């Protein structure tokens, strides 16, 4: 973990020392989890808050942010948290995670290719750095601290008190936690269908290790554990070469060997695919495997040609007999392999969104190969595809009818929504407001959707700890977690949202059973705030904060 230490990029905004003239000693205060504090300006806190009061269920993860700002050098700034105690009972401080909220270069408003102008760029607080044990802060700088309390499941309900000690070579901040009588199940038991596409090739490139070696998997374990502890349900698999035509910094390579032998037979080898899938299942991501893609963005299919001992490409489009023959041959081998492994029922062939013609022709092919193959799609609403798609994810702008949703729930199908570079808000860009990430989970509860999908968990740019920009899209679009298995503010807020989606579900189960129709109509009145057309009437921060309080009263 010493090799995981790093330096931030230079701040493109210079520090005005006159703005710091009024700061006479180092300051410390509780801040808000809704705010990313600027590095180069004093915290906008005009008198310090020494106490923080939190409420949570047993089993819940709950966070707070403190801020330190200093007109002099602070050597070896450290945070530590006491045990929390309530009479003779204790939440042990092993369950409490601290991190420095570190800075990354971002830009602004979001689709299409970009030239970064470094004139348009700024440092923003986003990285939860729980690895570096101390930081030295330069004079005239501000530094956030993130505190995560993982409340154990067997914790006694009641009032817990504890201390956050900040040192540099001070103050104590007070932490109060009301633990309620209700229990939140562990992440492995959450209903919420979270899908954040994984990029293992980004990790092998960043650390310069052999793909799918022991070192590669050792590096991925804590990183993918971040996804599984957020309720991650879906394994991403690239079953061919460059499903997305190298749109990310690191292209996805094939996890399947496509070897066309010189006698006309094919040898398909799934060694990589199998290792990746088994690895992710051992971490608790086991609900679904999504296989990309039969319809890549460029319709050119790589295979290893033995006769010439080289890579070749079939150029073939859905609706062609050649496309049908090429995919039938692989999909029928793949079907047998999956059935041998016991993964067939959960494996989905996964599309991205194309002219209607294309998608139906691709579907014919899949069905000829095996009638029971499951299929998924993230794209636009089409009535034509509602009975064929076992997992259907729709743009936030479009809606399924309530009858469509129940028909799909009745049939055992998954129904979700996504955002990407199209939507200014809500989103998980590095300059997005933190509460927008939590908002996304509340929106799923409002819509009776099964969850939320985003296209990039960890498709890291070149220097993801320093600069979140990319040659396409708004900064942060390509990843939500960082090298070192470091979380972001964005993923932490999303996880709080998902925990509340589970609370709502548990509360409605209890209220329906007891005939408490009033409590149900109130939860639904509160859920009305999470409409994507109503964000100028009620800000995402305000909606999220009001809704949290309502659910916690029950």
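Residue numbers count along the first chain shown, from 1.
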Between residue 169 and residue 170, how many residues of the deposited sequence have no coordinates in this entry: none, 1 to 3, 4 to 9, or 10 or more? 1 to 3
Could you tell me how many residues of the deposited sequence sit unmodelled between residue 109 and residue 110 (none, 1 to 3, 4 to 9, 10 or more)? 4 to 9
Mean C-alpha B-factor higher for 456-464, or for 352-360? 352-360
Taking only the CA atoms, which stretch has the higher mean B-factor in the record, 531-539 or 14-22? 531-539
Considering only 306, 238, 401, 140, which residue's Cα atom bears the greatest B-factor as recorded? 401
Using the temperature factors in the entry, find which of 387, 250, 477, 436 has the highest value at its Cα atom. 387
Third of chain Cα B-factors occupied by residue 510: highest
Considering only modelled residues of the same chain, in which third does the CA B-factor of residue 162 rank: lowest, middle or highest? middle
Which third of the chain does residue 470 land in by C-alpha B-factor: lowest, middle or highest? middle
If you rank the chain by CA B-factor, which third does residue 366 end up in: lowest, middle or highest? highest
Using only modelled residues of the chain, where does the Cα B factor of residue 495 rank: lowest third, middle third or highest third? lowest
